[PDB]
Every structure is written in structure tokens, then in C-alpha cells.
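Visitor: Handing you this structure, nothing more for now.
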Amino acid sequence: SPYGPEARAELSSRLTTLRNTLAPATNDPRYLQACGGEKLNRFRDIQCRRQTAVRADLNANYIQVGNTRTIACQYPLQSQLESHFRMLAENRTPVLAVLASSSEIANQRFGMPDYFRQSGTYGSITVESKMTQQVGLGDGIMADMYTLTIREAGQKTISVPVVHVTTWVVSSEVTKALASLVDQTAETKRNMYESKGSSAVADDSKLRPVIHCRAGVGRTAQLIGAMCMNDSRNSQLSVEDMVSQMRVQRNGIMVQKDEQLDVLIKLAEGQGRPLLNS
């Protein structure tokens, strides 16, 4: 009964109304707007919460679910690339997990600049890519990993570790392994900034994991849900609290497909974690 069809129905009931009310209106004051005609939102009905926006020219949000602080965004457009690398540099990104498969990146009808597997110049910023290791996550789902070195004239040189998932019931055991790889990758880089006494360890808006696939509300909301369940500080945090904080801080489309919620439900059932708030 605590994870049976009745409680699952009450969950999807309280969540589907939250999505409907957080659906954006034309020129919505809760959501970031595009000034000058420069396209900001990759999709027309998937926008960005203004109160938690990372940068004005990105569809990106600061997200703290429980005690876990991360950054979720969409796949950057070509016009947003220069400012996308500035976010990763200023944030002192300890980990960047991109969940868009290799197939949709190469499909140019989708418009996804391969900004992490290549080098290139994006205005003021030069980018150097170097692949490292390949991590198997079961099911033949692979994690190609790169070290994105970010160099701007007059700015500090910052390298960010990248975790690229090339594809997408076992997704429960796949997301549990992916969240672990992302957490451990972030810990090593975060511990590096700590050994050199970086100013950004004190700033809680920095050193935030960066996660995006395409819209940043589908596979990423599933990854963020597992990352915070992996966190030790988030005890008794209900699944209602998990996805409602993800939706209020970004948009109501977080945890988009009903199958993505089922992965977060079973991961909670394994931990004895509540689904609903009493």
C-alpha cells in the first residue's frame, strides 16, 4: 500500500496539477523572457524560472532538492555557446553530465552543437577537448568522459569533467550507477578546488553539478532525482518533495514521462523513502 497503486495515483494526482499551474503564460513573470528576438527556449512550452535563473541568456536553473545543489539546463543553442562556457567556468563546474545520445547530437535537424567532443573558438573563449575514460553502466549503456579545458584571455583557466551518456526497468540500476559516477566525479574535482583553497567552495551557488540532455526536464530530472537520493543528508525527503522542488525551481515539465517517475518511485521503495507528504 505505501508504494501500491493507490499511493502512486495520489502522487501523480498532486504532481499533474502542479505541472498544469506551472504551465507558462504568454510573457509569464515567473519565467525568463527573451529580449531582442534572440531565441532562448529550445522548445516553446519548456521555459526557465526567472527567480532561479543562472544567466539571463541561458535556459538554466539553480536547483536545490533537499540539500543537493545542482544546475539543470537545456542543451545550449549555437547562439548561447559563448555564455554557456562562462557559466561552466564561473560555477567552477565539478561535473557536467550530458544525457543526449550520440545519435541526436549528430542529427543536425535538432541543432545541438557538439561543444564537448570537439575543440573550437566561441568568440572570447577557446575550448580544448580531451577524452579520458569510458565507464560501463550496465545494459551496454556507456559513459564517454572528457576533460573540457576552458581558456579565456584574462580569465582563469578552468577544466571541467564531463560525463556523456551515449544512449537511453533496468534504468533503475542504470540511473543508480550513473548518479554514483557523477557524484564521485564531482567529488574528486571539488576536492581539488579545496586542496588549492579556491574562493568558490564557500559560495553555495558554485561547484554545482551541471546536467542537461535536450530540454533538461526529462532524462536530467531522472538523474537529479537519483543524485539527491544518493545524498546522505536527504533523509525522509518524499518523492513529492523531490519533484515538486524540481518543478518550482525550473518548470512544471520536470519529470516529464510517467516512466521517469516510476524510476524515482522504485529507487525510493528500495530505500524505504516515502512517496507522499503526510
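Here's how to read the names in the C-alpha cells: chain A, B, ... by the order shown, residue numbers from 1 in each chain, ligand numbers from 1 in the order shown.
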When you look at stretch 126-139 of chain A with a cut-off of 7 Å (counting only C-alpha atoms), what residues show up, excluding the ones that are within fewer than 5 positions of it in the same chain? I need them as a list in words.

Guide: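 With the cut-off at 7 Å, the set is residues 116, 117, 118, 119, 120, 121, 144, 145, 146, 147, 148, 149, 150, 151, 152, 174, 177 and 178 of chain A.
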
Visitor: DSSP on the backbone, then: every residue of stretch 28-271 of chain A marked alpha helix (DSSP H), written as a PyMOL selection string.

Guide: chain A and resi 81-90+102-106+171-195+219-230+239-249+258-271

Visitor: Write the residues of the preceding selection, restricted to C-alpha atoms, as a PDB file, in the first residue's frame.

Guide:
```pdb
ATOM      1  CA  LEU A  81      27.547  28.716 -26.626  1.00  0.00           C
ATOM      2  CA  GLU A  82      29.786  31.615 -25.562  1.00  0.00           C
ATOM      3  CA  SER A  83      27.755  32.266 -22.410  1.00  0.00           C
ATOM      4  CA  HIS A  84      27.322  28.537 -21.730  1.00  0.00           C
ATOM      5  CA  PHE A  85      31.079  28.113 -21.263  1.00  0.00           C
ATOM      6  CA  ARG A  86      31.109  31.176 -18.999  1.00  0.00           C
ATOM      7  CA  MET A  87      28.560  29.511 -16.710  1.00  0.00           C
ATOM      8  CA  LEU A  88      30.651  26.336 -16.502  1.00  0.00           C
ATOM      9  CA  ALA A  89      33.762  28.405 -15.729  1.00  0.00           C
ATOM     10  CA  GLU A  90      32.272  30.788 -13.152  1.00  0.00           C
ATOM     11  CA  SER A 102      25.281  10.470 -29.663  1.00  0.00           C
ATOM     12  CA  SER A 103      22.643   9.929 -32.358  1.00  0.00           C
ATOM     13  CA  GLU A 104      20.607  13.076 -31.690  1.00  0.00           C
ATOM     14  CA  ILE A 105      23.757  15.210 -31.432  1.00  0.00           C
ATOM     15  CA  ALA A 106      24.775  14.276 -34.980  1.00  0.00           C
ATOM     16  CA  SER A 171      17.110   2.031 -15.917  1.00  0.00           C
ATOM     17  CA  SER A 172      16.744   1.957 -12.120  1.00  0.00           C
ATOM     18  CA  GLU A 173      20.062   0.111 -11.848  1.00  0.00           C
ATOM     19  CA  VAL A 174      21.463   2.232 -14.691  1.00  0.00           C
ATOM     20  CA  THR A 175      20.460   5.553 -13.115  1.00  0.00           C
ATOM     21  CA  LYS A 176      21.805   4.372  -9.750  1.00  0.00           C
ATOM     22  CA  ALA A 177      25.180   3.705 -11.388  1.00  0.00           C
ATOM     23  CA  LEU A 178      25.147   6.921 -13.430  1.00  0.00           C
ATOM     24  CA  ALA A 179      24.290   9.019 -10.371  1.00  0.00           C
ATOM     25  CA  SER A 180      27.147   7.336  -8.499  1.00  0.00           C
ATOM     26  CA  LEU A 181      29.626   8.031 -11.309  1.00  0.00           C
ATOM     27  CA  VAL A 182      28.510  11.670 -11.468  1.00  0.00           C
ATOM     28  CA  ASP A 183      28.753  12.103  -7.690  1.00  0.00           C
ATOM     29  CA  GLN A 184      32.221  10.557  -7.452  1.00  0.00           C
ATOM     30  CA  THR A 185      33.463  12.532 -10.462  1.00  0.00           C
ATOM     31  CA  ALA A 186      32.214  15.741  -8.843  1.00  0.00           C
ATOM     32  CA  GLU A 187      33.813  14.847  -5.501  1.00  0.00           C
ATOM     33  CA  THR A 188      37.311  14.441  -6.964  1.00  0.00           C
ATOM     34  CA  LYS A 189      37.155  17.785  -8.779  1.00  0.00           C
ATOM     35  CA  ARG A 190      35.523  19.512  -5.798  1.00  0.00           C
ATOM     36  CA  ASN A 191      38.241  18.124  -3.527  1.00  0.00           C
ATOM     37  CA  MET A 192      40.792  19.514  -5.994  1.00  0.00           C
ATOM     38  CA  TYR A 193      39.439  23.058  -5.656  1.00  0.00           C
ATOM     39  CA  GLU A 194      39.568  22.524  -1.889  1.00  0.00           C
ATOM     40  CA  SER A 195      43.237  21.492  -1.841  1.00  0.00           C
ATOM     41  CA  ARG A 219      16.395  12.390 -18.518  1.00  0.00           C
ATOM     42  CA  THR A 220      18.024  15.047 -16.318  1.00  0.00           C
ATOM     43  CA  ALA A 221      15.153  15.256 -13.830  1.00  0.00           C
ATOM     44  CA  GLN A 222      15.551  11.486 -13.534  1.00  0.00           C
ATOM     45  CA  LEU A 223      19.299  11.853 -12.952  1.00  0.00           C
ATOM     46  CA  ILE A 224      18.897  14.688 -10.432  1.00  0.00           C
ATOM     47  CA  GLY A 225      16.330  12.631  -8.532  1.00  0.00           C
ATOM     48  CA  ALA A 226      18.783   9.760  -8.118  1.00  0.00           C
ATOM     49  CA  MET A 227      21.687  12.065  -7.229  1.00  0.00           C
ATOM     50  CA  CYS A 228      19.822  13.538  -4.252  1.00  0.00           C
ATOM     51  CA  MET A 229      18.537  10.128  -3.161  1.00  0.00           C
ATOM     52  CA  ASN A 230      22.216   9.122  -3.212  1.00  0.00           C
ATOM     53  CA  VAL A 239       9.270  11.888  -3.771  1.00  0.00           C
ATOM     54  CA  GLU A 240       6.582  14.579  -3.702  1.00  0.00           C
ATOM     55  CA  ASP A 241       9.136  16.972  -2.202  1.00  0.00           C
ATOM     56  CA  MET A 242      11.790  15.844  -4.693  1.00  0.00           C
ATOM     57  CA  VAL A 243       9.918  16.532  -7.920  1.00  0.00           C
ATOM     58  CA  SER A 244       7.896  19.492  -6.618  1.00  0.00           C
ATOM     59  CA  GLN A 245      11.098  21.333  -5.725  1.00  0.00           C
ATOM     60  CA  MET A 246      12.467  20.448  -9.169  1.00  0.00           C
ATOM     61  CA  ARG A 247       9.333  21.852 -10.829  1.00  0.00           C
ATOM     62  CA  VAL A 248       9.047  25.050  -8.770  1.00  0.00           C
ATOM     63  CA  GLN A 249      12.731  25.906  -9.320  1.00  0.00           C
ATOM     64  CA  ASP A 258       5.381   8.636 -16.500  1.00  0.00           C
ATOM     65  CA  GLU A 259       8.209   6.105 -16.838  1.00  0.00           C
ATOM     66  CA  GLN A 260      10.723   8.590 -15.415  1.00  0.00           C
ATOM     67  CA  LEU A 261       8.603   8.924 -12.270  1.00  0.00           C
ATOM     68  CA  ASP A 262       8.469   5.128 -11.946  1.00  0.00           C
ATOM     69  CA  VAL A 263      12.273   5.004 -11.791  1.00  0.00           C
ATOM     70  CA  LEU A 264      12.246   7.534  -8.950  1.00  0.00           C
ATOM     71  CA  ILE A 265       9.454   5.567  -7.253  1.00  0.00           C
ATOM     72  CA  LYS A 266      11.283   2.226  -7.200  1.00  0.00           C
ATOM     73  CA  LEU A 267      14.536   3.862  -6.083  1.00  0.00           C
ATOM     74  CA  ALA A 268      12.560   5.239  -3.137  1.00  0.00           C
ATOM     75  CA  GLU A 269      10.950   1.854  -2.450  1.00  0.00           C
ATOM     76  CA  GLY A 270      14.430   0.344  -2.203  1.00  0.00           C
ATOM     77  CA  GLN A 271      15.410   2.975   0.371  1.00  0.00           C
TER      78      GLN A 271
END
```

Visitor: Show me, as a PyMOL selection string, the residues that have an atom within 9 Å of residue A:206 when counting only C-alpha atoms, minus same-chain residues fewer than 3 positions from it.

Guide: chain A and resi 69-70+90-93+200-203+209

Visitor: Please produce an output containing C-alpha atoms for each residue in the selection, written as a CSV table (one decimal), in the first residue's frame.

Guide:
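Result saved to again_18.csv:
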```
chain,number,residue,atom,x,y,z
A,69,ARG,CA,22.6,21.7,-5.0
A,70,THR,CA,22.9,21.2,-8.8
A,90,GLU,CA,32.3,30.8,-13.2
A,91,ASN,CA,30.4,27.9,-11.4
A,92,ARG,CA,33.8,26.0,-11.2
A,93,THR,CA,31.8,23.1,-12.6
A,200,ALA,CA,34.2,29.1,-4.8
A,201,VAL,CA,34.0,26.4,-2.1
A,202,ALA,CA,32.3,29.0,0.2
A,203,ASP,CA,29.8,30.1,-2.5
A,209,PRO,CA,26.9,19.7,-11.0
```

Visitor: Need the shell around residue A:23: protein/DNA/RNA residues with any atom at most 9 Å away, counting only C-alpha atoms. Skip same-chain ones fewer than 4 positions apart. Format as an MDAnalysis selection string?

Guide: chainID A and resid 18:19 45:46 251:253

Visitor: Just the selected residues (N, CA, C and O atoms), exported as a PDB file, in the first residue's frame, please.

Guide:
```pdb
ATOM      1  N   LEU A  18       0.300  20.368 -10.315  1.00  0.00           N
ATOM      2  CA  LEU A  18       1.417  21.299 -10.213  1.00  0.00           C
ATOM      3  C   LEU A  18       1.977  21.632 -11.589  1.00  0.00           C
ATOM      4  O   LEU A  18       2.298  22.791 -11.873  1.00  0.00           O
ATOM      5  N   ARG A  19       2.104  20.627 -12.459  1.00  0.00           N
ATOM      6  CA  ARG A  19       2.545  20.894 -13.824  1.00  0.00           C
ATOM      7  C   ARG A  19       1.587  21.841 -14.534  1.00  0.00           C
ATOM      8  O   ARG A  19       2.018  22.757 -15.245  1.00  0.00           O
ATOM      9  N   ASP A  45       7.132  25.508 -25.013  1.00  0.00           N
ATOM     10  CA  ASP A  45       6.426  25.373 -23.744  1.00  0.00           C
ATOM     11  C   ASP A  45       7.310  24.806 -22.636  1.00  0.00           C
ATOM     12  O   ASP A  45       6.793  24.278 -21.647  1.00  0.00           O
ATOM     13  N   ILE A  46       8.631  24.908 -22.777  1.00  0.00           N
ATOM     14  CA  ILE A  46       9.576  24.461 -21.753  1.00  0.00           C
ATOM     15  C   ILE A  46      10.495  25.646 -21.471  1.00  0.00           C
ATOM     16  O   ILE A  46      11.503  25.850 -22.155  1.00  0.00           O
ATOM     17  N   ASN A 251      10.686  24.348 -14.051  1.00  0.00           N
ATOM     18  CA  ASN A 251       9.395  24.422 -14.723  1.00  0.00           C
ATOM     19  C   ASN A 251       8.625  23.145 -14.420  1.00  0.00           C
ATOM     20  O   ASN A 251       9.199  22.144 -13.980  1.00  0.00           O
ATOM     21  N   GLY A 252       7.317  23.190 -14.671  1.00  0.00           N
ATOM     22  CA  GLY A 252       6.437  22.075 -14.367  1.00  0.00           C
ATOM     23  C   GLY A 252       6.646  20.829 -15.199  1.00  0.00           C
ATOM     24  O   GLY A 252       5.987  19.818 -14.939  1.00  0.00           O
ATOM     25  N   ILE A 253       7.545  20.862 -16.189  1.00  0.00           N
ATOM     26  CA  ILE A 253       7.776  19.705 -17.048  1.00  0.00           C
ATOM     27  C   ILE A 253       8.884  18.800 -16.518  1.00  0.00           C
ATOM     28  O   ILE A 253       9.140  17.738 -17.103  1.00  0.00           O
TER      29      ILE A 253
END
```

Visitor: Considering only C-alpha atoms, state which residue in the set A:276, A:98, A:169, A:210 is at the smallest distance from residue A:13.

Guide: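 Under the stated criterion, the closest residue is A:276.
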
Visitor: Write out as JSON lines the residues of stretch 19-100 of chain A that have any atom within 10 Å of an atom of stretch 234-237 of chain A, one row each with the nearest atom pair and its distance in Å to one decimal, counting only C-alpha atoms, sorted by chain and then rising number.

Guide:
```
{"residue": "A:65", "atom": "CA", "partner": "A:234", "partner_atom": "CA", "distance": 8.5}
{"residue": "A:66", "atom": "CA", "partner": "A:234", "partner_atom": "CA", "distance": 5.7}
{"residue": "A:67", "atom": "CA", "partner": "A:234", "partner_atom": "CA", "distance": 6.2}
{"residue": "A:68", "atom": "CA", "partner": "A:234", "partner_atom": "CA", "distance": 7.8}
```

Visitor: Those residues with N, CA, C and O atoms, as a compact mmCIF listing (two decimals), in the first residue's frame please?

Guide:
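Printed below is again-v3.txt as written:
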```
# COMPACT_ATOMS: atom_id res chain seq x y z
N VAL A 65 17.42 20.41 -4.35
CA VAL A 65 16.41 19.48 -3.87
C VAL A 65 16.93 18.87 -2.57
O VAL A 65 17.98 18.21 -2.55
N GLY A 66 16.22 19.12 -1.47
CA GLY A 66 16.72 18.77 -0.16
C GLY A 66 17.97 19.56 0.17
O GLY A 66 17.91 20.79 0.31
N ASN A 67 19.11 18.88 0.28
CA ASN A 67 20.40 19.53 0.46
C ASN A 67 21.27 19.49 -0.78
O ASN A 67 22.34 20.11 -0.79
N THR A 68 20.85 18.77 -1.82
CA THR A 68 21.65 18.61 -3.03
C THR A 68 21.48 19.83 -3.93
O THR A 68 20.37 20.13 -4.37
```

Visitor: Restricting the calculation to only C-alpha atoms: of A:25, A:77, A:112, A:162, which residue gets closest to residue A:41?

Guide: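 Result for the nearest residue to residue A:41: A:77.
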
Visitor: If DSSP is run on the backbone, what residues of stretch 142-250 of chain A are strand (DSSP E or B)? A reply as a count of residues only would be ideal.

Guide: 22

Visitor: Between atom CA of residue A:214 and atom CA of residue A:157, what is the spacing in Å?

Guide: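 According to the coordinates, atom CA of residue A:157 and atom CA of residue A:214 are separated by 27.1 Å.
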
Visitor: Excluding residue A:51 and residues on its chain fewer than 6 positions from it, collect all residues at most 9 Å away from it, counting only C-alpha atoms, and give them as a list in words.

Guide: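 Result of the neighbour search: residues 30, 31, 32, 61 and 249 of chain A.
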
Visitor: Here is a test: counting only C-alpha atoms, which residue of A:161, A:76, A:5, A:140 is nearest to residue A:42?

Guide: A:76

Visitor: Nearest residue to residue A:275 out of A:238, A:158, A:95, A:29, using only C-alpha atoms?

Guide: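 With only C-alpha atoms as the atom set, the closest residue is A:238.
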